[PDB]
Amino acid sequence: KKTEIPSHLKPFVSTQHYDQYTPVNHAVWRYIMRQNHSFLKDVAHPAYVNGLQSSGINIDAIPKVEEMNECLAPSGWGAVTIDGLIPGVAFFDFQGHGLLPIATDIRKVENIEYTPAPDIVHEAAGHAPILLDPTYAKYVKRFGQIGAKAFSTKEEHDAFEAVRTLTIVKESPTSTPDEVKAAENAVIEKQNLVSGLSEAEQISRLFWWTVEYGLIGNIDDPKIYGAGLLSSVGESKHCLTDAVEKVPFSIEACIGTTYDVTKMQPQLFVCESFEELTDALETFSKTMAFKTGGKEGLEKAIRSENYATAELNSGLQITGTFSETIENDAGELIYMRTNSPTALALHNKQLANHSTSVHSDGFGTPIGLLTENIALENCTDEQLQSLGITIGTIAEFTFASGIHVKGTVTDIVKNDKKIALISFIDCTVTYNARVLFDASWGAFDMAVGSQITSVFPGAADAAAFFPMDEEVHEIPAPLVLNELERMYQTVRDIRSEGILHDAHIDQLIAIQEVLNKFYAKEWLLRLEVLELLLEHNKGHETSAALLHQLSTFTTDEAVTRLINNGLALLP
């Protein structure tokens, strides 16, 4: 059975259009994967070669994400297509559900060595292979669940929105250079306001030094598992040199080390085992608001200025933008409120009659034990009758804080044995002089709890809380393929047949003549023709000429390295 996509993450899911891959795109995939196989089979984690094949990824052509999804299903994993930049919490949430999110664009031939934007080479060929090791898949899935609970600052949310805006303007024909420059400046302004170390920044550093640039084994002879290294033979070769410091993995070093995506990594972190990473991630998770709860967790929710969920010891989950807290003389929290539409939930399921439409202007809740050391959450029906908490009865009780509640009880919502929500009408709630609830305001819904167990970003029932929009994407128009693309396709068609008859050899010589007359800088198609002739021991004169031309092709250092690496794989 295939891994299911949660309804809340369905809005981020797109479609891979295979017909948008040109013959050059398949050739670029093939060259990179052949180079990746040559070097990584000896220096990468042992799972890389069989893991790529078992993930549905082949060297000859770009992979289909739907095939990868079927291939990973026996491992309890899946693959989905995403279009454009998605929030970090969603990126991690997919992984927490055992789903690999893959952007399907491929890099241009001019950007084989470095792509400014991560492509299918990195997102499929880098992130999928080691998942075939169940210990690694366990770490990535657990990392996904923890990363989806990480709080970001309002400044980080603003910076992310501005970055998403720039990508839409930059990739649009209507946009002017000045319209782009403004979006570029908005990013610098928003990024400048970012300060401090959020849980999300720490999780981002941990993911980078493990899932992305991680090394495993003896520090003297480390093996590569990092997706960025598995997608870059150039970086993987440099990383194993003394030019890059190998440092033992630690949570402290990784969460405290910043990174630059533009330049090669100055240091890399070596783990002994995936079990070590999983244990360290769990130990780190205890510093996070989802595990801590309390005012410390709620403070992170307020700094986010974004939707968050507070879970009480009753199990009542409150989803909204938290805005204010009332603390006592000892700094202990006794009351909290939201300033936004709010929803209430039990067991990640929205309670009936407790949607955003009901709580449109905010939700306020006293938190603590009652007087006489009474935990209202664990109170029995008999104890509630003694307290006066019975439907149709005017209830009057005082919290240990001094918050005073008087109202006619309308409803009691229980979570199993525990009391979770007490609804009131004609209700007045007061703390000293301050009126926390006025009877003119109507219904008071009192969440029951003495402690805040967990604070996490987003919603407990995201499908109910958020609009699950079914976006419509237009199918892209069919590609028009020029002479060069057709020549690449012709070499691929001949290689697939596995026969090199006289007419096929004549076609290859015709292609070599077109390249000599009209395509002086075309090195990849020349390499593919040389590879094919050498494989079938045919066209001896054409092969010698192509080998000499490619060996002495250009003064350019990058292309020379790219050609020489291709020449190195020849029979």
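Sequential numbering from 1, following the sequence displayed.
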{"item": "Residue range whose averaged C-alpha B-factor is higher in the record, 191-199 or 161-169", "value": "161-169"}
{"item": "Of 135-143 and 398-406, the stretch whose C-alpha atoms average the higher B-factor in the entry", "value": "398-406"}
{"item": "Residue selected from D119, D279, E156, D178 by maximal Cα B factor", "value": "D178"}
{"item": "Per the PDB entry, maximal CA B factor within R205, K286, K223, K414", "value": "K414"}
{"item": "Within-chain third of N565 by Cα B-factor, per the entry", "value": "lowest"}
{"item": "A124 by Cα B-factor - lowest, middle or highest third of the modelled chain", "value": "lowest"}
{"item": "Chain-wide C-alpha B factor ranking for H347, given as lowest, middle or highest third", "value": "highest"}
{"item": "B-factor third for the C-alpha atom of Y114 within its chain", "value": "highest"}
{"item": "Among modelled residues of the same chain, the CA temperature factor third for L72", "value": "lowest"}
